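We name chains A, B, ... by the order of the sequence lines, and we start the count at 1 in each one. Computed from heavy atoms alone, side chains included, the values below leave out hydrogens, waters and symmetry copies.
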Amino acid sequence: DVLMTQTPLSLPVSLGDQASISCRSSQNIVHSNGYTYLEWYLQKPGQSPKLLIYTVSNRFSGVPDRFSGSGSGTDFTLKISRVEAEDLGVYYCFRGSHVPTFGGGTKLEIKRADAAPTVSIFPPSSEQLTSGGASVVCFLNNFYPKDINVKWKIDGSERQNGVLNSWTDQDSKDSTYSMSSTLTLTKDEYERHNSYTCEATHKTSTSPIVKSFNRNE
Amino acid sequence: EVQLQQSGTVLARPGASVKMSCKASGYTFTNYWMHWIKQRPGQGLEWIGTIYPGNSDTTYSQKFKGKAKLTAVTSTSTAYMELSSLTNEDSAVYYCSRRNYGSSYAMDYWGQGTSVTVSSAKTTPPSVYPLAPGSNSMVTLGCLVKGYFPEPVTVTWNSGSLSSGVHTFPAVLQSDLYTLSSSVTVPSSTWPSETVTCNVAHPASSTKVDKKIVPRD
């Protein structure tokens, strides 16, 4: 019943490797005229989707051989013979016959060597404290894989409230990821404690990376 | 040479309705079907509906009947999508694209996309805070842009000279208010020896602030 399902949700592949993106429809999607309008589109961060494959296996003017589209009936596949760094982004299959439907998309991430993040912590600025607020920022830059955990500690105790994180898209140049976690408290609660901590646990280590600062220093 | 230019970013209030346009050129506007696609932030594409500018023929995805209203104006080679009874769920980028037949059978050309934000919060300049390290060969500095609305915002370091080693994180929702941060890494012999400044430009409130990163102790 129209559902266009894609797998995997996220596909990690080192440069030069092969990539297989699957797309299944819940019903036979062949048009009464005999043709099968299944298309594939690619969309990189902050850009408009691009056409790669139409009618299942046909490539669009300007798309390299490395891209293959196969399948029929209810199953279709997209293959990237030799993944480049410029291939990362999200791939969507699209059924173009009546009641056009997009698949969920398959994020193509480029695999590189594991890299531990570089953590940096920053106390509130005098200007903010003057405003009555108190933000403590912590940057965890250029790490891989993305799977990362940040835990805040005010005088040893974990704090989950007022914590906001944001992540960058895999860097097109070095394929690393970066994250920024921000613990926000009012100035008064900020000044009733002394040691603020930022902890990051990442696949690259057992002993997590800890960066702190004492208000009394 | 075929290109679709779409109207600019829009901020609307719940219950309101907005109308966007898709100006086409490069082909015979009235011969091809023009499609519309929605994309919630951090989400996949979704087919909205289509219209045949030739004779104002339309088709909508059941999900968009009464929500979207498509029209085209032959003489101006312009397609329009009007969204009514807006809610947060309609906040997204909307693309228009031409479906070609012959050389290819798909959506080969897309618009740059129109951004729509549904919210009942007014323009608010951002407060910019310097993130200096408390107390290595490289050193990381930062800039905290907090409490602004709506998107977007421009952040550069030193008018732009400092480009590499920068990580401006995605804006996060802070209760009807947006918040992002930017980090930059430079040589120890460069800073604090030489001052570093972040520039924050908030379009919506025509605000431009320059913040120096002053060391501490």
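Contact annotation: the side chain of A/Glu39 never approaches that of B/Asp108 to less than 4.5 Å [non-hydrogen atoms, C-beta and beyond]. Looking at heavy atoms from C-beta onward, A/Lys44 lies in side-chain contact with A/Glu86 at the 4.5 angstrom threshold. Side-chain atoms of A/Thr184 and A/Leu164, non-hydrogen and from C-beta on, never get closer than 4.5 Å to each other. Side-chain contact between A/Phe122 and B/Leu144 is absent, with no heavy atoms from C-beta onward closer than 4.5 Å. A/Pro49 places a side-chain heavy atom less than 4.5 Å from the side chain of B/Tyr95. Side-chain contact between A/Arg159 and A/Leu185: present, with at least one pair of heavy atoms (C-beta onward) separated by less than 4.5 Å. Within the 4.5 Å cutoff, the side chain of B/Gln5 has no heavy atoms near those of the B/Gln3 side chain. Counting heavy atoms from C-beta outward, B/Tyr129 and A/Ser135 have side chains that stay 4.5 Å or more apart.
Enclosure of atom CG in B/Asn136 is not indicated, since only 12 or fewer non-hydrogen atoms of other residues, nucleotides or ligands lie within 6.0 angstrom. Other residues, nucleotides and ligands contribute more than 12 heavy atoms inside 6.0 Å of the CD atom of A/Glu217. Atom CZ of A/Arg82 has 12 or fewer neighbouring heavy atoms from other residues, nucleotides or ligands inside a 6.0 Å radius.
With ring centers used as reference points, B/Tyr32 lies under 6.0 Å from B/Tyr101.
With sequence neighbours excluded, the residues forming a side-chain contact (heavy atoms from CB on, under 4.5 Å) with A/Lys211 are A/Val119, A/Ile121, listed by chain and number. Applying the ring pair (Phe, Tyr, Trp, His ring centres under 6.0 Å) criterion to B/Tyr52, with sequence neighbours excluded, gives B/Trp33. Applying the ring pair (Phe, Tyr, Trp, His ring centres under 6.0 Å) rule to A/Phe213 yields the partners A/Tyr196; only residues at least two apart in sequence or on another chain are considered. Every residue two or more places apart in sequence or in another chain that forms a ring pair (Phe, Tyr, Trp, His ring centres under 6.0 Å) with A/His202 is listed here: A/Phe143. A/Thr101 is linked by a side-chain contact (heavy atoms from CB on, under 4.5 Å) to A/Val2, A/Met4, A/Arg95, A/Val99, counting only residues two or more places apart in sequence or in another chain. Scanning for side-chain hydrogen bond (donor to acceptor under 3.5 Å, both in side chains) contacts around A/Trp152 gives A/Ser181, with sequence neighbours left out. For A/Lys111, the salt bridge (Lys or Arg N to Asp or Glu O under 4.0 Å) criterion is met by no residue, not counting sequence neighbours. In this structure B/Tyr60 satisfies the ring pair (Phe, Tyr, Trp, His ring centres under 6.0 Å) test with no other residue, sequence neighbours excluded.
Sequence neighbours left out, the pairs with a member in residues 86-114 of chain A that pass ring pair (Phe, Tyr, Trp, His ring centres under 6.0 Å) are A/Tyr41-A/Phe94, A/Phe94-A/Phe102. The side chain to side chain donor-acceptor pair (under 3.5 Å) pairs that include a residue from residues 143-152 of chain B are B/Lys146-B/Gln174, B/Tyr148-B/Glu151, where partners are two or more places apart or lie in different chains.
No donor-acceptor distance shorter than 3.5 angstrom exists from the side chain of B/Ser181 to the backbone of B/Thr179, with no hydrogens or angles considered. Judged by distance alone, the side chain of B/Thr9 and the main-chain N or O of B/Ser115 form no donor-acceptor pair under 3.5 Å. Between the side chain of B/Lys69 and the main chain of B/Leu83, no donor-acceptor pair closer than 3.5 Å is present. The closest donor-acceptor contact from the side chain of B/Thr59 to the backbone of B/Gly49 lies at 3.5 Å or more, if one exists at all. The main-chain N or O of A/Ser175 is found under 3.5 Å from a side-chain atom of A/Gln170 such that the two form a donor-acceptor pair.
With no hydrogens or angles considered, no side-chain donor-acceptor pair links B/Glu82 and B/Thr71 at under 3.5 Å. Side chain to side chain, A/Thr197 and A/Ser212 meet the donor-acceptor criterion of an N or O pair below 3.5 Å.
When each of B/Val200, B/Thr168, B/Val172 is tested with B/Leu180 by the rule side-chain contact (heavy atoms from CB on, under 4.5 Å), just one qualifies, namely B/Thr168.
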Which donor-acceptor pairs under 3.5 Å do side chains of residues 10-24 of chain B form with protein atoms, sequence neighbours excluded?
none

Name each donor-acceptor pair under 3.5 Å that joins a side chain in residues 153-164 of chain B to protein atoms two or more places apart or in another chain, with its distance.
residue	atom	partner	partner atom	Å
B/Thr156	OG1	B/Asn199	OD1	2.7
B/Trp157	NE1	B/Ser182	OG	3.0
B/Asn158	OD1	B/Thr197	N	2.9

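When all heavy atoms of B/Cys198 and B/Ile213 are compared, the pair lying nearest together is SG-CD1, 4.5 Å. Between B/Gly113 and B/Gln6, the shortest heavy-atom distance links the atoms N-OE1, 2.7 Å.
Here the CG atom belonging to A/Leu15 is positioned 10.0 Å from the CG atom belonging to A/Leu88, to the nearest 0.5 angstrom. One distance of note links CD1 of A/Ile80 with CG of A/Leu42; it measures 7.5 Å at 0.5 Å rounding. Separating the CH2 atom in B/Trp110 from the CG atom in A/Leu51 is a distance of 9.0 Å, to the nearest 0.5 Å. From B/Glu46, atom CD reaches atom CD of B/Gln39 across 10.5 Å, with rounding to the nearest 0.5 Å. Remark: B/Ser188 OG to B/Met138 CE distance equals 7.5 Å, nearest 0.5 Å. Distance OG1/A/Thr106 to CG/A/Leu108: 9.0 Å, rounded to 0.5 Å.
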(request) Would you sort out whether A/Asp174 and A/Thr176 count as a side-chain hydrogen bond (donor to acceptor under 3.5 Å, both in side chains), showing the intermediate values? (result) CA-CA 6 Å; A/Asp174 66 32; A/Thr176 68; 2.7 Å; yes
(message) A/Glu109 vs A/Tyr177, test: side-chain hydrogen bond (donor to acceptor under 3.5 Å, both in side chains). Steps then yes/no.
(response) CA-CA 11 Å; A/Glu109 53 171 305; A/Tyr177 295 90; 3.2 Å; yes
